[PDB]
């Protein structure tokens, strides 16, 4: 197994279609002892997380909560037993109000909405890193989830911007985590049909967008030289796991692209 005896925090599970859930599963299948966090809906997360091939402690973590954040390292230490440190952390957290995505015009997103988006989507990356870097072993690795925001695109809107922040934050976090012998990197994933993502494809965030969501998806698989299955979250998790392994030991401040190579091709 590729993650034997590595202790790993994983945030961002909410359904079994979450990228994070699939990250968790693969992690465990490679021998990792996990520590999970979730947000708001503890009663639901707990029951979802029982499906993972292995029981793992779940802790509450709103990243907008200065307390949850302050207490964090303590409660992680309590969950894994003192004298022990984390080998890897998974940021797979993201949020944007519907005023900043879909058919709803770019200009009409009020800053209170966007800001919160960025707080959760981008800032929390450093917040998590700040809380956990104290309890991280040399060799350790933080990873977060990204969607390629170099070129603008329809619908994705302010969420594109948050991701633009996030890649740049990532780079500063690699400066700090560096000091503890810890890598930080992002995984730029092609689209994944989460429950969330399947709603948008039934009417949720509008009508003009829901066609542009499917158009995006289809064009992804067309540009990807090896192809892209939005219904399979595994190759993204496997990539994540390889950044949590000891096998990319010279890679920090960076973005790995698990996208079937689609960003590398124009048509």
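Residue numbers count along the first chain shown, from 1.
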If you average the CA temperature factors as listed in the entry, which stretch comes out higher, 42-50 or 235-243? 42-50
On average, which has the higher Cα B-factor in the deposited entry, 102-110 or 185-193? 102-110
Comparing C-alpha B-factors across 58, 226, 27, 70 in this entry, the winner is 70
Comparing against every modelled residue in the chain, figure out the third that the C-alpha B-factor of residue 84 lands in (lowest, middle or highest). highest
Split the chain's modelled residues into thirds by Cα B-factor; residue 267 lands in the highest
B-factor third for the C-alpha atom of residue 5 within its chain: highest
Hey, what third does residue 96 fall into on Cα B-factor, ranked over its chain? highest
Of the three thirds of its chain by CA temperature factor, lowest, middle or highest, which one includes residue 168? lowest
